[PDB]
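Notes to accompany the following structure.
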Amino acid sequence: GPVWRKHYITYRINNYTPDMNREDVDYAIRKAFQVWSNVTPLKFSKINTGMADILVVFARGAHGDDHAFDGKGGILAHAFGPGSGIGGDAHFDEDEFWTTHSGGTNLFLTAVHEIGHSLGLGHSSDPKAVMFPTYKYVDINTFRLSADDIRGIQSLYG
Ligand SMILES: O=C(CNS(=O)(=O)c1ccc(-c2ccccc2)cc1)NO
Ligand SMILES: [Ca+2]
Ligand SMILES: [Ca+2]
Ligand SMILES: [Ca+2]
Ligand SMILES: [Zn+2]
Ligand SMILES: [Zn+2]
C-alpha cells in the first residue's frame, strides 16, 4: 500500500472534542505521533493553519467522506492511508466519549491505532498489537507497541 515518501510530516487538529480539555487533546495526539516517530525516521509537527498531511477531525454521523459514523459504540474512528487530499486524515467519532484515562474511549490509544493507518498500516491478527481492531484499555503511562506493530511499521519505513 501507499507510504509517505518524505520524513517531515505535518498534522493539524481541525476541531476539538468537547469531551476533553483542549490541552489534553493536544497532548494525547502529540504522544500518539511520538509512538510512531520512536520507531521510524518520521518527524511530526503540529501546524495551526494551512494544508497538513494529516488532518485530525472529530465528527459524528455522516461527515463528508463516504464513511459514516454510527453513534455511541461500534465504530470509534477511521483513517485514510498516505496520499494527497483526504489521504492521511484521521477522524474520531464525536458520539464516543473521549478521555485521558480508562473511562469512555481513550483518545491516545485510539489515535495510536489511527495514526498507524495514516502511515499505511493495516490491521493485525495479533491481539497484543495496537493495530488489532478491538479497542481495549491498557495503562497509557506504560504503553508500548507490540513486536508485531514494530515489525509492521518498520516494513514501511526505515
Ligand atoms: O479499525 C477501525 C474501524 N473500527 S473500530 O473503529 O471499531 C476501531 C477503532 C480503533 C480501535 C483500536 C484498537 C487498538 C487500540 C485503540 C483503538 C479498534 C477498533 N478504525 O481504524
Ligand atoms: Ca461510533
Ligand atoms: Ca491529508
Ligand atoms: Ca463526544
Ligand atoms: Zn470520516
Ligand atoms: Zn483500524
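Chains: A, B, ... in order of the C-alpha cells. Residues: from 1 per chain. Ligands: from 1, in order shown.
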
Just asking: which residues within chain A are helix (DSSP H, G or I) according to DSSP, as a PyMOL selection string? chain A and resi 22-37+107-118+140-142+147-154

Residues up to 10 Å from ligand 1, counting only C-alpha atoms and all ligand atoms: could you list those as a PyMOL selection string? chain A and resi 69-70+73-80+90-93+105-118+121-124+127-138

Counting only C-alpha atoms and all ligand atoms, which protein, DNA or RNA residues come within 6 Å of ligand 3, given as a PyMOL selection string? chain A and resi 53-55+84-89

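If only C-alpha atoms and all ligand atoms are the atoms counted, then among A:2, A:81, A:141, A:95 the closest residue to ligand 6 is A:81.
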
Residue A:98 environment, 9 Å, only C-alpha atoms, sequence neighbours closer than 4 positions dropped, as a PyMOL selection string: chain A and resi 17-20+94+103-107

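Distances from A:62, A:25, A:42, A:47 to ligand 5 were compared using only C-alpha atoms and all ligand atoms, and the smallest one belongs to A:62.
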
Å distance separating atom CA of residue A:8 from atom CA of residue A:43, one decimal place: 5.0 Å

Using only C-alpha atoms and all ligand atoms, the best pick from A:97, A:157, A:11, A:58 as closest to ligand 5 would be A:58

Judged by only C-alpha atoms and all ligand atoms, the minimum distance to ligand 5 among A:65, A:126, A:24, A:96 is found for A:65

Contacts of stretch 36-40 of chain A within 7 Å, only C-alpha atoms, excl. fewer than 6 positions in-chain, as a PDB file with N, CA and C atoms, in the first residue's frame:
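Saved to around_18.pdb:
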```pdb
ATOM      1  N   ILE A 150       5.837  -3.015  15.595  1.00  0.00           N
ATOM      2  CA  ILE A 150       7.155  -2.518  15.226  1.00  0.00           C
ATOM      3  C   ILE A 150       7.616  -3.183  13.929  1.00  0.00           C
ATOM      4  N   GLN A 154       8.123  -0.919  10.527  1.00  0.00           N
ATOM      5  CA  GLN A 154       9.481  -0.963  10.000  1.00  0.00           C
ATOM      6  C   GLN A 154       9.573  -1.728   8.665  1.00  0.00           C
ATOM      7  N   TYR A 157       8.799   1.873   6.735  1.00  0.00           N
ATOM      8  CA  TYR A 157       9.704   2.994   6.965  1.00  0.00           C
ATOM      9  C   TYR A 157      10.986   2.499   7.596  1.00  0.00           C
ATOM     10  N   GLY A 158      12.051   3.250   7.374  1.00  0.00           N
ATOM     11  CA  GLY A 158      13.372   2.813   7.775  1.00  0.00           C
ATOM     12  C   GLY A 158      13.820   1.653   6.906  1.00  0.00           C
TER      13      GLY A 158
END
```

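Nearest-residue note for ligand 5: choosing from A:67, A:155, A:10, A:142, the minimum distance belongs to A:67, counting only C-alpha atoms and all ligand atoms.
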
Determine which residues of chain A receive a DSSP assignment of strand (DSSP E), computed from the backbone, and state them as a ChimeraX atom specification. /A:8-13,43-46,54-59,77-79,90-93,98-99,105-106

Kindly save the residues from that selection, with N, CA and C atoms included, as a PDB file, in the first residue's frame.
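Result saved to part.pdb:
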```
ATOM      1  N   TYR A   8       9.506  14.634   6.993  1.00  0.00           N
ATOM      2  CA  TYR A   8       8.820  15.663   7.787  1.00  0.00           C
ATOM      3  C   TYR A   8       7.341  15.661   7.436  1.00  0.00           C
ATOM      4  N   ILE A   9       6.516  15.281   8.412  1.00  0.00           N
ATOM      5  CA  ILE A   9       5.079  15.129   8.238  1.00  0.00           C
ATOM      6  C   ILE A   9       4.382  16.133   9.139  1.00  0.00           C
ATOM      7  N   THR A  10       3.369  16.812   8.612  1.00  0.00           N
ATOM      8  CA  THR A  10       2.589  17.751   9.407  1.00  0.00           C
ATOM      9  C   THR A  10       1.211  17.197   9.742  1.00  0.00           C
ATOM     10  N   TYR A  11       0.698  17.639  10.885  1.00  0.00           N
ATOM     11  CA  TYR A  11      -0.678  17.383  11.246  1.00  0.00           C
ATOM     12  C   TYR A  11      -1.324  18.649  11.754  1.00  0.00           C
ATOM     13  N   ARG A  12      -2.644  18.669  11.677  1.00  0.00           N
ATOM     14  CA  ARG A  12      -3.422  19.798  12.159  1.00  0.00           C
ATOM     15  C   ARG A  12      -4.668  19.263  12.840  1.00  0.00           C
ATOM     16  N   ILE A  13      -5.035  19.865  13.967  1.00  0.00           N
ATOM     17  CA  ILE A  13      -6.260  19.498  14.656  1.00  0.00           C
ATOM     18  C   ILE A  13      -7.355  20.435  14.154  1.00  0.00           C
ATOM     19  N   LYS A  43       9.316  12.531  11.404  1.00  0.00           N
ATOM     20  CA  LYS A  43       9.215  13.627  12.363  1.00  0.00           C
ATOM     21  C   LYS A  43       7.865  14.301  12.152  1.00  0.00           C
ATOM     22  N   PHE A  44       7.115  14.497  13.233  1.00  0.00           N
ATOM     23  CA  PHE A  44       5.769  15.057  13.144  1.00  0.00           C
ATOM     24  C   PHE A  44       5.732  16.431  13.769  1.00  0.00           C
ATOM     25  N   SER A  45       5.055  17.364  13.108  1.00  0.00           N
ATOM     26  CA  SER A  45       4.889  18.724  13.611  1.00  0.00           C
ATOM     27  C   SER A  45       3.441  19.172  13.465  1.00  0.00           C
ATOM     28  N   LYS A  46       2.918  19.781  14.521  1.00  0.00           N
ATOM     29  CA  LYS A  46       1.579  20.343  14.523  1.00  0.00           C
ATOM     30  C   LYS A  46       1.610  21.713  13.893  1.00  0.00           C
ATOM     31  N   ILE A  54      -1.746  15.279   7.665  1.00  0.00           N
ATOM     32  CA  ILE A  54      -2.732  14.534   8.442  1.00  0.00           C
ATOM     33  C   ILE A  54      -3.648  15.509   9.162  1.00  0.00           C
ATOM     34  N   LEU A  55      -4.901  15.553   8.737  1.00  0.00           N
ATOM     35  CA  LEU A  55      -5.909  16.349   9.416  1.00  0.00           C
ATOM     36  C   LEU A  55      -6.661  15.472  10.415  1.00  0.00           C
ATOM     37  N   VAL A  56      -6.685  15.923  11.668  1.00  0.00           N
ATOM     38  CA  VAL A  56      -7.390  15.259  12.752  1.00  0.00           C
ATOM     39  C   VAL A  56      -8.744  15.934  12.942  1.00  0.00           C
ATOM     40  N   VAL A  57      -9.813  15.149  12.834  1.00  0.00           N
ATOM     41  CA  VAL A  57     -11.178  15.669  12.851  1.00  0.00           C
ATOM     42  C   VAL A  57     -12.020  14.902  13.860  1.00  0.00           C
ATOM     43  N   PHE A  58     -12.846  15.618  14.623  1.00  0.00           N
ATOM     44  CA  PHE A  58     -13.912  14.997  15.402  1.00  0.00           C
ATOM     45  C   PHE A  58     -15.218  15.302  14.687  1.00  0.00           C
ATOM     46  N   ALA A  59     -15.989  14.263  14.389  1.00  0.00           N
ATOM     47  CA  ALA A  59     -17.260  14.425  13.688  1.00  0.00           C
ATOM     48  C   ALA A  59     -18.212  13.301  14.060  1.00  0.00           C
ATOM     49  N   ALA A  77     -13.489   5.330  15.209  1.00  0.00           N
ATOM     50  CA  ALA A  77     -12.621   6.220  14.449  1.00  0.00           C
ATOM     51  C   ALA A  77     -12.218   5.517  13.173  1.00  0.00           C
ATOM     52  N   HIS A  78     -11.764   6.283  12.189  1.00  0.00           N
ATOM     53  CA  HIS A  78     -11.157   5.701  10.992  1.00  0.00           C
ATOM     54  C   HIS A  78     -10.148   6.666  10.412  1.00  0.00           C
ATOM     55  N   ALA A  79      -9.262   6.149   9.575  1.00  0.00           N
ATOM     56  CA  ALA A  79      -8.225   6.978   8.997  1.00  0.00           C
ATOM     57  C   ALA A  79      -7.875   6.491   7.615  1.00  0.00           C
ATOM     58  N   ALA A  90      -7.364  11.523   9.879  1.00  0.00           N
ATOM     59  CA  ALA A  90      -7.839  10.659  10.950  1.00  0.00           C
ATOM     60  C   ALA A  90      -9.079  11.290  11.560  1.00  0.00           C
ATOM     61  N   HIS A  91     -10.175  10.536  11.555  1.00  0.00           N
ATOM     62  CA  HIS A  91     -11.474  11.015  12.019  1.00  0.00           C
ATOM     63  C   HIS A  91     -11.914  10.227  13.239  1.00  0.00           C
ATOM     64  N   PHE A  92     -12.397  10.942  14.255  1.00  0.00           N
ATOM     65  CA  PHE A  92     -12.812  10.358  15.522  1.00  0.00           C
ATOM     66  C   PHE A  92     -14.287  10.644  15.727  1.00  0.00           C
ATOM     67  N   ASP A  93     -15.045   9.608  16.073  1.00  0.00           N
ATOM     68  CA  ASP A  93     -16.494   9.719  16.193  1.00  0.00           C
ATOM     69  C   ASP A  93     -16.857  10.504  17.452  1.00  0.00           C
ATOM     70  N   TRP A  98     -14.571  10.704  24.593  1.00  0.00           N
ATOM     71  CA  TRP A  98     -13.115  10.625  24.584  1.00  0.00           C
ATOM     72  C   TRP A  98     -12.541  11.039  25.928  1.00  0.00           C
ATOM     73  N   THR A  99     -11.538  10.308  26.410  1.00  0.00           N
ATOM     74  CA  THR A  99     -10.903  10.664  27.677  1.00  0.00           C
ATOM     75  C   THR A  99      -9.394  10.458  27.681  1.00  0.00           C
ATOM     76  N   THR A 105     -13.705   6.210  25.912  1.00  0.00           N
ATOM     77  CA  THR A 105     -12.742   5.656  24.968  1.00  0.00           C
ATOM     78  C   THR A 105     -11.502   6.521  25.047  1.00  0.00           C
ATOM     79  N   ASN A 106     -10.363   5.890  25.290  1.00  0.00           N
ATOM     80  CA  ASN A 106      -9.129   6.626  25.450  1.00  0.00           C
ATOM     81  C   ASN A 106      -8.647   7.194  24.116  1.00  0.00           C
TER      82      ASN A 106
END
```

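For the residues A:156, A:61, A:66, A:100, ranking by smallest atom-to-atom distance to ligand 2 using only C-alpha atoms and all ligand atoms places A:61 first.
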